[PDB]
Amino acid sequence: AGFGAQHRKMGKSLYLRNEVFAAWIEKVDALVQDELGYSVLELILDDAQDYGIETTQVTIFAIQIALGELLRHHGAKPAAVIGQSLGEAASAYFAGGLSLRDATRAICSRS
């Protein structure tokens, strides 16, 4: 729970029962595991309450990247169908052309 509890429920159920969504969740989880120590996939699956600002932002970030890329897999520009619902980082990735790498290390900080 906390902020993005629904993002975590939806993200877990989608990770289990959708291979594209799961592929993107893994793709982001490796990147955060490179930029940080922990793993976002652990946090999503282990549906624990999260009041930490950074880890919540990272969870919502990965969930939105995977949902947006799942929509893109069905042939729609993600910023055109859920652009208003994106966080600063996911929107920076889908609308600002920011690389997933720079986005991941942008939400981590730590500075």
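For reference, each letter of the sequence shown is one residue, going 717 to 827 in the authors' numbering. Cβ coordinates follow ideal geometry from the N, Cα and C atoms, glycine included.
- Shown here, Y809 sits in a helix according to DSSP, grouped into three states.
- In the three-state DSSP reduction, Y731 falls in the helix class (H, G or I).
- Contact annotation: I781 and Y754 have beta-carbon atoms that are not nearer than 8 Å.
- The three-state secondary structure of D762, taken from DSSP, is coil.
- The beta carbon of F777 is closer than 7 Å to those of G803, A805, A806, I823 in its chain, skipping five residues each way along the sequence.
- By the neighbour-count definition (other C-beta atoms within 10 Å, threshold 16), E735 is an exposed residue.
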